[PDB]
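Asker: quick one, what's the 3D model for this:
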Amino acid sequence: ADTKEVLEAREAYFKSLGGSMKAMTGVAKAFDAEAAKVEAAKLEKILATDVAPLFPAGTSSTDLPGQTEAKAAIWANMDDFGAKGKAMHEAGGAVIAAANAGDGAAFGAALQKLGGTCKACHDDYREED
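Answerer: Numbering: from 1, shown residues only. The relevant structure is shown in the block below.
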C-alpha cells in the first residue's frame with residue numbers, strides 16, 4: 001500500500017505534459033485551427049504548472065530495488081532534470097504562442113520539440129520496467 005501521493009500527483013503532471021503531446025501529435029497530424037488552440041490550452045496548463053513540485057523524495061529506483069518503473073534513473077541531477085523541465089516549458093509557452101499566432105507550423109514544430117523534450121526525459125530514465 002505505497003499510495004505515493006507526491007508521485008501520484010507527479011503522475012498527473014505526466015498526464016498534463018503528456019496531454020499537450022497527445023493533443024499536440026493529433027493536432028500535428030489532422031490540424032486545422034480548433035485542435036491546435038485546444039492543445040495550446042492544455043499546454044499552458046502544463047507550462048505554468050510548476051514542474052519543480054512533484055519530482056523529489058519519491059520511490060527512487062536507481063536508489064534501491066523496488067516495484068515502481070522509473071524514479072531515480074532519469075540521468076541528470078536536480079539541475080539537469082530541472083533543465084528539461086524549463087525546456088519542456090520552452091515548447092510549452094512557445095507552442096501556445098503558435099496557437100494564438102495561428103502558426104500551425106509553429107505549433108506543430110514547437111509541440112514536436114516538446115514531444116522530443118518529454119520523450120527525451122523518458123529516454124533518459126531508460127528504467128527496466
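
Asker: for this protein, what spans make up the helices?
Answerer: Residue ranges of the helices in the chain, as given by DSSP state H, are 5-29, 34-47, 78-101, 104-124.

Asker: so of the ones you listed, which one's packed in deepest?
Answerer: Of the helices of the chain, the one with the most neighbours on average (mean count of other Cβ atoms under 10 Å) is helix 34-47, at a mean of 21. C-beta coordinates here come from the backbone N, C-alpha and C atoms, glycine included.

Asker: show me what that one is packed against.
Answerer: Applying 3 or more Cβ pairs under 8 Å, 6 or more residues apart in numbering; DSSP states H and E, one finds that helix 34-47 contacts helix 5-29, helix 78-101, helix 104-124.

Asker: looking at those, which is closest to residue 67?
Answerer: Between residue 67 and the helices and strands packed on helix 34-47, the shortest separation by Cβ to Cβ is 11.4 Å, and it involves helix 5-29.

Asker: give me the neighbour count for residue 54.
Answerer: When neighbours are counted by other Cβ atoms under 10 Å, residue 54 registers 18.

Asker: middle-most residue in the protein, spatially?
Answerer: The residue at the geometric middle of the chain, judged as the C-alpha nearest the mean C-alpha position with Cα atoms, centre = their mean, is residue 17 (3.5 Å).

Asker: report the separation between that residue and residue 101.
Answerer: 21 Å (Cβ to Cβ, to the nearest Å).

Asker: before we move on, the earlier item: any chance of the helices of the chain in JSON lines with distance to residue 53 as columns?
Answerer: Supplementary listing: those in JSON lines, determined by distance: least, Cβ to Cβ, whole Å:
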{"stretch": "helix 5-29", "distance to residue 53": "8"}
{"stretch": "helix 34-47", "distance to residue 53": "13"}
{"stretch": "helix 78-101", "distance to residue 53": "10"}
{"stretch": "helix 104-124", "distance to residue 53": "16"}
